[PDB]
Structures are given as C-alpha cells and as structure tokens.
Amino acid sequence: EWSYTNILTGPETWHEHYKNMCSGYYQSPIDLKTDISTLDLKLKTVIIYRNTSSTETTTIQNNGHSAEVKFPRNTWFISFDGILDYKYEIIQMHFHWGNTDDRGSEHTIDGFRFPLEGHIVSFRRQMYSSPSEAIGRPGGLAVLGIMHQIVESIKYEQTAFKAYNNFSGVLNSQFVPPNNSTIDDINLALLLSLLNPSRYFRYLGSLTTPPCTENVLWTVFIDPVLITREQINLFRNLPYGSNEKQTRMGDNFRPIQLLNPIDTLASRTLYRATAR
C-alpha cells in the first residue's frame, strides 16, 4: 500500500515497493525549466471538446488520496492536432494541493509551486479501445496539468470553480473516503479557456502515483487559472484515507523527479509550445 504522509509507505519508498515503474528514469513530476527547454513551434493549441449526444452522469469520489471526478465514457475529448476525431478520450480529473497556499502542485515552473494542480487524464483512443486497455500499455495516456493561483479580488464566474460548478458542493468535511456523489458536469472547455491553451510544457513521463507507469504524454500549461482562498480551503476539508498519518487531506503531491537521472539509458527532452 502507499501514502503521501506515512513515512513507511510515503513517496521516498515507492521506488522499492513499486519498482515497476516508480524506480524508472522517466518519472513525473519534474521542474519545468523555461531556460533549459526546447521551443517546438510544431506543437499546436490544445482543444478540449464534448460529445453533445452524451447524457450520462459525472461523479466524484474521495478516493483517500484526492478528489477524483470520473467522467462517463465517450463524452469529453482532447485534440492536439486541430481535428475533432476523438483521438484522446478523457477519463477523470483529480487534484493535488498543499496544507498551505505556497505549495501543493506536483510540477514546478522554474522552481515555483502553485497551491493546486489539476490533472485531466485521457487515453489514446486512436490506438486503444478502452481506458482499462490503455492504462498499463505503452503510450496509452496523455495528461493535462492545470495550475491554479489564488487571487483576493474576483467574481465567482471568472474562477475555475465556475467551470467546475463548485463540484456541486461536495468538497466538505463529510465527504469521507470512499464516498462518491453524482455532480453537475464539469465544463472542461470553459476551464481551458481561462488560460492560454497554446502556451505549455510538453514531455514524456509517468503517472505520479504508484505504479508510476511510464506511459504518459504530459502537457502542463504555463499560465494558471484563478481561484480564491475560500475555494482552496474547500479541498482542505476532505479527510485523508486511513493509510495516511495526516487527518485532513493536503500535501498530496509527489516530490520532484529529475528530467534525466544519472542512470538514464536515453535522455529525454523538455519541450515548450507557444502560439503561432
């Protein structure tokens, strides 16, 4: 078993308890270094889009380590090439945050931590027929990282919580693991429009929880969307699962991994995109 906050099962132990693949050399998260990265003008604007025929419900669960929104199949998609032909299908979105406002994100940008990093997880439907087929297979997944930053003066409608529809009020101290609830759908298109979808880091990496599978195409947007202190504190009301030492959920982020650990057998490169 694993945790964030119990020293015995925490992130420093994952390379031993889950050798495949938390001991690998293409792990995430990393520090996204603007100066070190390679600008690749070929990397296009990201588009998130919905199947307007889909009517099934969205749910959210406290899984003991995060709040995880589970989307119905065949409903939300990502395009990286401008074509709306269902190459990447979104599965779930979950979040990583801090006990305090100066930490929480998994990635850093030039060493800087944000209070809340959201991960929109998709599978390469272009190749694999289902999430369960893709999740353990090479090149199966693509994850979007969305940084959030706290502002003191803002209307609700301009915060990320408008896109999330406040998660239908489920973020509270009574939302105990492993409870799940039906919630209003998340307007992921609106969420993406709150930042610049052309301006992002891109690299090949891993899941950031065990078993840390090295099959994730990462895109991390540089500009954050905006939330309030009230909204970050809602996440902090969730209780951790019983695997954890800490009672309230927070600091559910993995430590930074190197782009190229010294034992790598083929270095990877950190790429960056910007608008045309």
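We number the residues from 1 along the sequence you see.
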Legend entry - Average Cα temperature factor in the PDB entry - higher stretch of 172-180, 81-89: 172-180
Legend entry - 66-74 set against 219-227, stretch whose average Cα temperature factor tops the other in the entry: 66-74
Inset, instruction - Have a look at 30, 48, 207, 36 and flag the one whose Cα has the highest B-factor in the entry. - result: 36
Legend entry - Among modelled residues of the same chain, the CA temperature factor third for residue 4: middle
Legend entry - Entry-reported Cα temperature factor of residue 99, expressed as the chain third it lands in: middle
Inset, instruction - Can you work out whether the C-alpha temperature factor of residue 154 puts it in the lowest, middle or highest third of the chain? - result: highest
Inset, instruction - Going by the recorded CA B-factors, say which third of the chain residue 262 sits in, lowest, middle or highest. - result: highest
Inset, instruction - Consider only the C-alpha atoms of the modelled residues in this chain, order them by B-factor as the entry records it, and name the third containing residue 213: lowest, middle or highest. - result: lowest
